[PDB]
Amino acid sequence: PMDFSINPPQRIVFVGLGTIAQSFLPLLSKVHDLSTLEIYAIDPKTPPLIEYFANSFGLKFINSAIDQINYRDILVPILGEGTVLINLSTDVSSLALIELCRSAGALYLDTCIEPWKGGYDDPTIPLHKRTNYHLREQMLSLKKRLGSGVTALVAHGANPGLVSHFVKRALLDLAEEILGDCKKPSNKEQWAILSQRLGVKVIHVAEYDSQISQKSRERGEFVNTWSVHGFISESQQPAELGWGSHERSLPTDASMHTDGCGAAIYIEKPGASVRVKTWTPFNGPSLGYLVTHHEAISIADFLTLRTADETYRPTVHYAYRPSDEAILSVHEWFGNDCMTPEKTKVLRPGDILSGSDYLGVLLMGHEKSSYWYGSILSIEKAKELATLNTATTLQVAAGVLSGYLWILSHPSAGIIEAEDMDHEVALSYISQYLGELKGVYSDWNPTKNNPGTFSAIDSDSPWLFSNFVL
């Protein structure tokens, strides 16, 4: 059930005008006439293309930094009914803006629950209160307090965001193939009942970035297909993962949250040091980094089934195989005591020679072993679909556009996550920007090629976390 056309708002406000924000303006141009809209962008960093932006939409740019002092003064004159606040910044508290948008009655959209300046790596803050799990529980507590009201969709980019919709569709594919049941769940509980009935035990966000760089890294240069400092920051945080009801042995140097709706583990080691085996359509078995991610918790909680005596819950976490440049950069990064790099470079469309960003979810434990579903977007395809976009950026920008259109057509939903949306509508908005949406089955498991652990008669034994992590 989808709206043929969604009317534009009266005003848009971009808190932060970085890569993703710029990668998103072209996509937004096709949908809505940016000249009939008053569009603000608040960023302390003036971009080079700010002139072309002003000579196409009349972009009212504000060179300022949003902090606890001046945020309630730069925005209040700008926020109101009919305004959409799109937060694509760093160091700005999403939760702080949510409450502010509720007062002004404005719609809110972001791709990450960011705290204020320095909320991730703050030694003065206790560790267990610096995890994505804790950031999410703050959002959920604010969701309960505010309750019904103007919509605010958080953490809806590519991942977290689209991948949540991929999980739902993957479950329906498995349901049609294994169970012959074409019945769509109607609520969270029914989604969890389906995951349990199929026997889903492990879900990976298995991403493989095969994009090749035009030129080679210069000395001391950290290169990546998206934000370098955003990648280093996520790589530095402790690895987190949803812990499933099938697991037995616990990871080493690990702690756990159990006061919520499901077990959530955070390992006291950087995600860039925790390597896990996974599977992607690029070349099958792959090695990724167990990077902490929002969807690792939201997906697991979404498919958690708690009854009087039993509990069902899959293991869910990110498995990221980044570009060849980032891997080599991470290597040198460790060699320099993880100090901030001398030089940085986010690869642009002109810098990428070939390759694709395989972004999808890998569901495991069911009758057919492994099933991968997601977006396979090549760089060449992205260049023909929009400007200022790589394969990595376009998948995110598409996620932003999807959430943008949902909050306009559903502006009275309060605070919501990707799981609260209608995945069918969410993907139909932007399916054309995701290149190839395919589902691939595979008889793979982390023990198939390791004689020391291979088993074909113990059902869930091959799906234990000990078999995935190195």
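Throughout, we count residues from 1 along the sequence that is shown.
(message) When the Cα temperature factors in the entry are averaged, is it 311 to 319 or 95 to 103 that ends up higher?
(response) So the stretch with the higher mean C-alpha B-factor is 95 to 103.
(request) Take the C-alpha B-factors listed in the entry for 355 to 363 and for 174 to 182, compute each mean, and give the stretch with the larger one. (result) According to the PDB entry, the answer is 174 to 182.
(request) In terms of CA temperature factor as recorded, identify the highest of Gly399, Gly119, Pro238, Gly242. (result) By C-alpha B-factor in the record, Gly119 ranks first.
(request) Pick out which of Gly435, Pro48, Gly439, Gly403 has the highest C-alpha B-factor in the PDB entry. (result) So the option with the highest C-alpha B-factor is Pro48.
(request) Check where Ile6 lands among this chain's C-alpha B-factors and tell me if it's the lowest, middle or highest third. (result) According to the entry, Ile6 has a C-alpha B-factor in the chain's highest third.
(request) Looking at the entry's B-factor column for C-alpha atoms only, identify whether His246 ranks in the lowest, middle or highest third of its chain. (result) For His246, the deposited C-alpha B-factor lands in the lowest third.
(message) Lowest, middle or highest third: which one holds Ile113 when the chain's residues are ordered by CA B-factor from the entry?
(response) Within its chain, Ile113 is a highest-third residue by C-alpha B-factor, going by the deposited values.
(request) Among all modelled residues of this chain, ranked by Cα B factor, put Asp209 in the bottom, middle or top third, i.e. lowest, middle or highest. (result) Within its chain, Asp209 is a lowest-third residue by C-alpha B-factor, going by the deposited values.
(message) Using the temperature factors of the C-alpha atoms in this entry, rank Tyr133 within its chain: lowest, middle or highest third.
(response) Ranked within chain, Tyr133 CA B lands in the middle tercile.
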